[PDB]
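Shown here: model_10.cif, mmCIF, C-alpha atoms and all ligand atoms.
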```
data_structure
loop_
_atom_site.group_PDB
_atom_site.id
_atom_site.type_symbol
_atom_site.label_atom_id
_atom_site.label_comp_id
_atom_site.auth_asym_id
_atom_site.auth_seq_id
_atom_site.Cartn_x
_atom_site.Cartn_y
_atom_site.Cartn_z
ATOM 1 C CA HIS A 4 162.010 52.143 18.649
ATOM 2 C CA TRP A 5 158.368 52.143 17.598
ATOM 3 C CA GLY A 6 156.000 54.296 19.598
ATOM 4 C CA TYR A 7 153.353 56.998 19.358
ATOM 5 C CA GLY A 8 155.568 60.100 19.118
ATOM 6 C CA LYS A 9 156.295 62.647 16.622
ATOM 7 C CA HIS A 10 158.697 60.511 14.550
ATOM 8 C CA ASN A 11 158.027 56.839 15.448
ATOM 9 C CA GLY A 12 154.250 56.586 15.432
ATOM 10 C CA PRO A 13 151.897 54.249 13.572
ATOM 11 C CA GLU A 14 152.520 55.651 10.135
ATOM 12 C CA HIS A 15 156.200 54.557 10.495
ATOM 13 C CA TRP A 16 155.698 51.019 11.823
ATOM 14 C CA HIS A 17 155.602 49.412 8.379
ATOM 15 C CA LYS A 18 159.352 50.004 7.884
ATOM 16 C CA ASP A 19 160.268 47.513 10.632
ATOM 17 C CA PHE A 20 157.015 45.523 10.533
ATOM 18 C CA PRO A 21 155.869 45.230 6.919
ATOM 19 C CA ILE A 22 152.555 43.410 7.798
ATOM 20 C CA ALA A 23 151.485 46.767 9.066
ATOM 21 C CA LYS A 24 150.198 47.040 5.453
ATOM 22 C CA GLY A 25 148.753 43.537 5.505
ATOM 23 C CA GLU A 26 145.344 42.113 4.676
ATOM 24 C CA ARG A 27 143.987 41.658 8.219
ATOM 25 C CA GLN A 28 145.193 44.648 10.230
ATOM 26 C CA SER A 29 143.525 46.133 13.303
ATOM 27 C CA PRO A 30 141.889 48.262 14.498
ATOM 28 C CA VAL A 31 139.131 49.024 11.984
ATOM 29 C CA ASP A 32 136.130 51.295 11.807
ATOM 30 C CA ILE A 33 132.909 49.427 12.635
ATOM 31 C CA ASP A 34 130.183 50.665 10.272
ATOM 32 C CA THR A 35 126.918 49.821 12.062
ATOM 33 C CA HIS A 36 125.111 50.209 8.746
ATOM 34 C CA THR A 37 127.034 47.467 6.993
ATOM 35 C CA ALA A 38 127.879 45.014 9.831
ATOM 36 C CA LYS A 39 125.369 42.209 9.459
ATOM 37 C CA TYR A 40 123.659 40.215 12.200
ATOM 38 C CA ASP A 41 124.926 36.632 12.147
ATOM 39 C CA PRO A 42 122.405 34.189 13.721
ATOM 40 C CA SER A 43 125.046 31.548 13.828
ATOM 41 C CA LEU A 44 127.129 33.482 16.451
ATOM 42 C CA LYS A 45 126.660 32.383 20.090
ATOM 43 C CA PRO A 46 126.506 34.314 23.301
ATOM 44 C CA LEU A 47 129.728 34.763 24.602
ATOM 45 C CA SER A 48 130.944 33.039 27.649
ATOM 46 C CA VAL A 49 133.189 35.100 29.921
ATOM 47 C CA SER A 50 134.353 32.894 32.927
ATOM 48 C CA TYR A 51 136.457 35.106 35.181
ATOM 49 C CA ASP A 52 135.382 33.746 38.594
ATOM 50 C CA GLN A 53 138.697 32.087 39.158
ATOM 51 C CA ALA A 54 140.931 34.785 37.667
ATOM 52 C CA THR A 55 144.455 35.296 39.410
ATOM 53 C CA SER A 56 145.857 38.683 38.696
ATOM 54 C CA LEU A 57 149.539 38.876 39.591
ATOM 55 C CA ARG A 58 151.231 42.090 38.634
ATOM 56 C CA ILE A 59 150.902 45.410 36.750
ATOM 57 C CA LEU A 60 153.694 46.526 34.406
ATOM 58 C CA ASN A 61 154.416 49.815 32.582
ATOM 59 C CA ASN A 62 155.986 48.474 29.349
ATOM 60 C CA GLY A 63 156.632 51.889 27.819
ATOM 61 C CA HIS A 64 153.572 51.587 25.491
ATOM 62 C CA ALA A 65 150.740 50.951 27.927
ATOM 63 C CA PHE A 66 150.401 49.132 31.241
ATOM 64 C CA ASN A 67 149.493 45.450 31.433
ATOM 65 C CA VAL A 68 147.575 43.817 34.277
ATOM 66 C CA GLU A 69 148.948 40.293 34.100
ATOM 67 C CA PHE A 70 147.196 37.027 35.073
ATOM 68 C CA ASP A 71 148.081 33.354 35.801
ATOM 69 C CA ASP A 72 147.568 31.646 32.599
ATOM 70 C CA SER A 73 149.067 28.253 33.609
ATOM 71 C CA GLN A 74 145.450 26.808 34.168
ATOM 72 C CA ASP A 75 141.950 27.508 32.820
ATOM 73 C CA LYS A 76 141.252 30.098 35.501
ATOM 74 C CA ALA A 77 139.861 32.993 33.419
ATOM 75 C CA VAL A 78 138.578 31.887 30.036
ATOM 76 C CA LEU A 79 136.676 33.176 27.091
ATOM 77 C CA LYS A 80 134.580 30.751 25.077
ATOM 78 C CA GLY A 81 131.568 30.844 22.774
ATOM 79 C CA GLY A 82 130.719 33.781 20.673
ATOM 80 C CA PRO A 83 132.555 33.295 17.351
ATOM 81 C CA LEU A 84 135.182 31.070 18.992
ATOM 82 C CA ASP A 85 135.947 27.371 18.771
ATOM 83 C CA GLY A 86 137.634 26.033 21.913
ATOM 84 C CA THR A 87 138.956 27.830 24.970
ATOM 85 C CA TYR A 88 140.985 31.000 25.302
ATOM 86 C CA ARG A 89 142.964 31.937 28.542
ATOM 87 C CA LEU A 90 143.228 35.431 29.812
ATOM 88 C CA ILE A 91 146.870 36.518 29.934
ATOM 89 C CA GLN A 92 146.654 40.300 30.402
ATOM 90 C CA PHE A 93 144.549 43.368 29.906
ATOM 91 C CA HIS A 94 145.607 46.883 28.979
ATOM 92 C CA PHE A 95 144.157 50.128 27.635
ATOM 93 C CA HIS A 96 144.714 52.682 24.900
ATOM 94 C CA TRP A 97 143.703 56.271 25.609
ATOM 95 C CA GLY A 98 143.881 59.842 24.425
ATOM 96 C CA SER A 99 145.244 63.198 25.483
ATOM 97 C CA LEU A 100 141.653 64.576 25.095
ATOM 98 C CA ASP A 101 138.325 62.963 25.766
ATOM 99 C CA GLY A 102 137.440 63.047 22.046
ATOM 100 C CA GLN A 103 140.034 60.490 21.203
ATOM 101 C CA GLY A 104 141.841 57.445 22.425
ATOM 102 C CA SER A 105 140.069 54.386 21.131
ATOM 103 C CA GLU A 106 141.567 52.154 18.434
ATOM 104 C CA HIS A 107 138.373 50.791 16.976
ATOM 105 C CA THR A 108 135.837 53.414 15.956
ATOM 106 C CA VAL A 109 132.057 53.079 15.542
ATOM 107 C CA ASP A 110 130.726 54.961 12.489
ATOM 108 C CA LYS A 111 133.966 56.972 12.767
ATOM 109 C CA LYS A 112 133.296 57.873 16.427
ATOM 110 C CA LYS A 113 136.381 57.790 18.614
ATOM 111 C CA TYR A 114 135.885 56.938 22.284
ATOM 112 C CA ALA A 115 138.081 58.305 25.074
ATOM 113 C CA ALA A 116 139.798 54.938 25.575
ATOM 114 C CA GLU A 117 139.606 51.233 24.791
ATOM 115 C CA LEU A 118 140.225 48.222 27.047
ATOM 116 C CA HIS A 119 141.716 45.038 25.573
ATOM 117 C CA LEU A 120 141.392 41.730 27.461
ATOM 118 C CA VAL A 121 143.860 39.423 25.691
ATOM 119 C CA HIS A 122 143.319 35.648 25.618
ATOM 120 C CA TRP A 123 145.246 32.818 23.891
ATOM 121 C CA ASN A 124 143.907 29.597 22.421
ATOM 122 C CA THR A 125 144.776 26.716 24.733
ATOM 123 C CA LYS A 127 145.204 24.361 21.616
ATOM 124 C CA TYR A 128 148.568 26.040 21.083
ATOM 125 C CA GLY A 129 149.992 25.529 24.562
ATOM 126 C CA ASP A 130 151.707 28.984 25.071
ATOM 127 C CA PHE A 131 151.067 32.569 24.099
ATOM 128 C CA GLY A 132 154.210 32.656 21.974
ATOM 129 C CA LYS A 133 152.966 29.650 20.018
ATOM 130 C CA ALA A 134 149.484 31.070 19.723
ATOM 131 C CA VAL A 135 150.480 34.385 18.120
ATOM 132 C CA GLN A 136 151.896 32.380 15.180
ATOM 133 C CA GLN A 137 148.412 30.973 14.388
ATOM 134 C CA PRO A 138 145.523 32.797 12.585
ATOM 135 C CA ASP A 139 143.170 31.690 15.402
ATOM 136 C CA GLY A 140 145.694 32.079 18.199
ATOM 137 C CA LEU A 141 144.218 34.972 20.189
ATOM 138 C CA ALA A 142 140.794 36.305 21.153
ATOM 139 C CA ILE A 143 140.788 39.936 22.260
ATOM 140 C CA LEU A 144 137.729 41.357 23.984
ATOM 141 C CA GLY A 145 137.596 45.126 23.278
ATOM 142 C CA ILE A 146 135.525 47.486 25.428
ATOM 143 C CA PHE A 147 135.078 51.206 24.762
ATOM 144 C CA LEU A 148 135.416 53.808 27.539
ATOM 145 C CA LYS A 149 133.562 57.117 27.605
ATOM 146 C CA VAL A 150 134.037 59.880 30.188
ATOM 147 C CA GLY A 151 131.056 60.309 32.552
ATOM 148 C CA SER A 152 130.368 58.506 35.780
ATOM 149 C CA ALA A 153 133.271 56.784 37.561
ATOM 150 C CA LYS A 154 133.784 53.064 37.131
ATOM 151 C CA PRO A 155 134.207 51.739 40.655
ATOM 152 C CA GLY A 156 135.842 48.528 39.455
ATOM 153 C CA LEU A 157 138.623 50.533 37.757
ATOM 154 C CA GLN A 158 139.697 52.534 40.823
ATOM 155 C CA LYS A 159 142.167 49.958 42.177
ATOM 156 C CA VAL A 160 143.960 50.139 38.799
ATOM 157 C CA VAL A 161 143.979 53.931 38.936
ATOM 158 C CA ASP A 162 145.353 54.005 42.423
ATOM 159 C CA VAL A 163 148.399 51.807 41.630
ATOM 160 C CA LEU A 164 149.530 53.895 38.621
ATOM 161 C CA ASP A 165 151.740 56.177 40.704
ATOM 162 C CA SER A 166 153.859 53.182 41.576
ATOM 163 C CA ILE A 167 154.429 52.272 37.896
ATOM 164 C CA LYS A 168 154.836 55.793 36.482
ATOM 165 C CA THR A 169 157.736 55.012 34.163
ATOM 166 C CA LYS A 170 158.746 52.378 31.643
ATOM 167 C CA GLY A 171 159.946 49.130 33.170
ATOM 168 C CA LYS A 172 158.315 49.575 36.573
ATOM 169 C CA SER A 173 156.050 46.825 37.893
ATOM 170 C CA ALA A 174 154.043 46.326 41.085
ATOM 171 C CA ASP A 175 152.314 43.454 42.755
ATOM 172 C CA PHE A 176 148.672 43.439 41.717
ATOM 173 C CA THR A 177 146.838 40.449 43.158
ATOM 174 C CA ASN A 178 143.161 39.763 43.620
ATOM 175 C CA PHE A 179 141.903 42.166 40.950
ATOM 176 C CA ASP A 180 138.557 41.205 39.508
ATOM 177 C CA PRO A 181 138.282 41.989 35.735
ATOM 178 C CA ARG A 182 134.494 41.484 35.915
ATOM 179 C CA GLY A 183 134.381 44.969 37.368
ATOM 180 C CA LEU A 184 135.400 46.354 33.941
ATOM 181 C CA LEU A 185 132.563 44.825 31.905
ATOM 182 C CA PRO A 186 129.425 46.690 30.723
ATOM 183 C CA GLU A 187 125.955 45.215 31.339
ATOM 184 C CA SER A 188 125.482 43.795 27.844
ATOM 185 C CA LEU A 189 127.763 41.309 26.072
ATOM 186 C CA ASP A 190 126.393 42.158 22.616
ATOM 187 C CA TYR A 191 129.351 42.391 20.240
ATOM 188 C CA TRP A 192 130.819 42.771 16.804
ATOM 189 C CA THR A 193 133.472 40.346 15.589
ATOM 190 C CA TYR A 194 135.983 40.170 12.750
ATOM 191 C CA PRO A 195 139.427 38.636 12.079
ATOM 192 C CA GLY A 196 142.419 40.915 12.602
ATOM 193 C CA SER A 197 145.702 41.619 14.242
ATOM 194 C CA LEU A 198 147.620 42.814 17.243
ATOM 195 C CA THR A 199 147.435 46.631 17.250
ATOM 196 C CA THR A 200 151.061 47.022 18.370
ATOM 197 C CA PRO A 201 154.211 45.608 16.782
ATOM 198 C CA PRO A 202 154.672 42.841 15.786
ATOM 199 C CA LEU A 203 151.144 43.409 14.380
ATOM 200 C CA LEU A 204 150.617 39.669 13.862
ATOM 201 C CA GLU A 205 147.382 38.588 12.142
ATOM 202 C CA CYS A 206 146.410 36.135 14.880
ATOM 203 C CA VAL A 207 143.316 37.704 16.492
ATOM 204 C CA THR A 208 139.612 37.015 16.575
ATOM 205 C CA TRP A 209 138.381 40.448 17.680
ATOM 206 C CA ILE A 210 135.248 40.657 19.830
ATOM 207 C CA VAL A 211 134.297 44.315 20.365
ATOM 208 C CA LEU A 212 131.435 45.002 22.794
ATOM 209 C CA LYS A 213 128.826 47.595 21.594
ATOM 210 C CA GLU A 214 128.105 48.953 25.112
ATOM 211 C CA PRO A 215 130.829 51.238 26.430
ATOM 212 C CA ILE A 216 131.738 51.558 30.054
ATOM 213 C CA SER A 217 131.818 54.983 31.775
ATOM 214 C CA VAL A 218 134.913 56.226 33.625
ATOM 215 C CA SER A 219 135.289 59.573 35.346
ATOM 216 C CA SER A 220 137.329 62.471 34.155
ATOM 217 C CA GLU A 221 139.497 62.010 37.273
ATOM 218 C CA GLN A 222 140.156 58.362 36.407
ATOM 219 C CA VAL A 223 141.292 59.216 32.843
ATOM 220 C CA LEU A 224 143.367 62.106 34.116
ATOM 221 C CA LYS A 225 145.351 59.666 36.189
ATOM 222 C CA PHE A 226 146.004 57.490 33.179
ATOM 223 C CA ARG A 227 147.382 60.603 31.435
ATOM 224 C CA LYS A 228 149.976 61.066 34.223
ATOM 225 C CA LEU A 229 151.782 57.884 33.238
ATOM 226 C CA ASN A 230 155.050 58.194 31.315
ATOM 227 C CA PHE A 231 156.359 56.525 28.144
ATOM 228 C CA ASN A 232 159.919 57.219 29.298
ATOM 229 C CA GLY A 233 161.993 55.473 31.915
ATOM 230 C CA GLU A 234 162.882 56.915 35.296
ATOM 231 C CA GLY A 235 165.528 59.587 35.030
ATOM 232 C CA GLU A 236 164.656 60.408 31.501
ATOM 233 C CA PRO A 237 162.868 63.379 29.994
ATOM 234 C CA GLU A 238 159.150 63.179 30.824
ATOM 235 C CA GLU A 239 156.903 62.184 27.944
ATOM 236 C CA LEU A 240 153.303 61.661 29.062
ATOM 237 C CA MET A 241 151.782 58.320 28.073
ATOM 238 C CA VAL A 242 148.871 59.663 26.038
ATOM 239 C CA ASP A 243 147.568 58.961 22.539
ATOM 240 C CA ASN A 244 148.877 55.384 22.626
ATOM 241 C CA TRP A 245 146.366 54.263 19.995
ATOM 242 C CA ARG A 246 146.734 53.044 16.411
ATOM 243 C CA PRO A 247 144.166 54.516 13.986
ATOM 244 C CA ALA A 248 141.715 52.469 11.950
ATOM 245 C CA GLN A 249 143.172 50.353 9.143
ATOM 246 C CA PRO A 250 141.588 49.287 5.848
ATOM 247 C CA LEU A 251 138.970 46.569 6.206
ATOM 248 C CA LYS A 252 139.970 44.928 2.900
ATOM 249 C CA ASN A 253 138.442 41.495 2.292
ATOM 250 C CA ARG A 254 136.710 41.189 5.687
ATOM 251 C CA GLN A 255 133.207 41.381 7.052
ATOM 252 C CA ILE A 256 132.239 42.587 10.514
ATOM 253 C CA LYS A 257 129.488 40.411 12.018
ATOM 254 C CA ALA A 258 127.082 41.451 14.768
ATOM 255 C CA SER A 259 125.821 39.173 17.540
ATOM 256 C CA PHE A 260 122.618 41.234 17.879
ATOM 257 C CA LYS A 261 119.768 42.388 15.693
HETATM 258 ZN ZN ZN B 1 145.576 46.827 22.867
#
```
Give the structure from this file in structure tokens form.
Ligand SMILES: [Zn+2]
Amino acid sequence: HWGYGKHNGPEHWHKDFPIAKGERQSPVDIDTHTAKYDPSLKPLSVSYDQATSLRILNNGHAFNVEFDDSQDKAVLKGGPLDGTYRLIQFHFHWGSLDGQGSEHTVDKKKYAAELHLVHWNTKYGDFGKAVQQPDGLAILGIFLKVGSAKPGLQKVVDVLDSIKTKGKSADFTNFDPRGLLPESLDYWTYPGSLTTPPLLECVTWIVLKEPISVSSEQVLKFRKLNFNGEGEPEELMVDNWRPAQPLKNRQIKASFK
């Protein structure tokens, strides 16, 4: 019964998921004055030409755009990573107000939203096996600010009415996740966790410095989604973000000078 409400939000998750207080929790604040350039980092390689989106699902916590991950169709490589990581889904976290919504922060700045493209390490065979490994996942995080519309997001926006409530899914084929990337692939990276229960410490985080712009109308449509199921009291799906967690014995590395 974890969530983002008045009585089940992030500050409560540790009772059922004690790693919530662990050594490698996410998100974190990215201090641009202490993150150090690492010349040994490599460009990243985002290969989404062959991506097969399948479906979009309201899971009661966010919505996931799901992909075929039964081949190396959409992979992330390079950067801080060893080996190959398959895209399985992307989702967002967002606010009730434009001044909030992101999970990671940059010098304490909150963005309006944050996109997570989730990939699993093919060495481990399946996502469920991967989340049990410290190097099981690579999550590419992208900040959203409110300004211009993002044309490549509109198809997502326009399907949300069909998945308003928890448990609803819709066919969602032929979506191109390249339309959600900023121009630059400069990034910060650090080791951390899933930001939702079970909060497993299995993630190499790769957070892009350049935000994307979305329009106020696009974010407004995200804020019409519901946490609840159909036939239940309406609870708008807003403020589905976990706040920054202690960095502890970690360093954030920058790919850029
Ligand atoms: Zn996420």
May I have the residues within 9 Å of ligand ZN 1 (chain B), computed using all atoms listed in the file, as a count of residues only? 17
Length of the atom CA of residue A:136 to atom CA of residue A:247 vector [Å]: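 So the answer is 23.5 Å.
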Residue neighbourhood residue A:100, 10 Å, all atoms listed in the file, exclusion window fewer than 2 positions, as a list in words: residues 97, 98, 102, 103, 104, 114, 115, 116, 223, 224, 227, 242 and 243 of chain A
Chain and number of each residue from the PyMOL selection byres (((chain A and resi 160) around 9) and not hetatm), as a PDB file with C-alpha atoms, keeping the file's coordinate frame:
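Saved file selection_35.pdb follows:
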```
ATOM      1  CA  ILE A  59     150.902  45.410  36.750  1.00  0.00           C
ATOM      2  CA  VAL A  68     147.575  43.817  34.277  1.00  0.00           C
ATOM      3  CA  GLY A 156     135.842  48.528  39.455  1.00  0.00           C
ATOM      4  CA  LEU A 157     138.623  50.533  37.757  1.00  0.00           C
ATOM      5  CA  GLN A 158     139.697  52.534  40.823  1.00  0.00           C
ATOM      6  CA  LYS A 159     142.167  49.958  42.177  1.00  0.00           C
ATOM      7  CA  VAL A 161     143.979  53.931  38.936  1.00  0.00           C
ATOM      8  CA  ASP A 162     145.353  54.005  42.423  1.00  0.00           C
ATOM      9  CA  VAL A 163     148.399  51.807  41.630  1.00  0.00           C
ATOM     10  CA  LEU A 164     149.530  53.895  38.621  1.00  0.00           C
ATOM     11  CA  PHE A 176     148.672  43.439  41.717  1.00  0.00           C
ATOM     12  CA  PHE A 179     141.903  42.166  40.950  1.00  0.00           C
TER      13      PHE A 179
END
```
In terms of the shortest atom-to-atom distance over all atoms listed in the file, which of A:35, A:249, A:230, A:244 is closest to residue A:112?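 Under the stated criterion, the closest residue is A:35.
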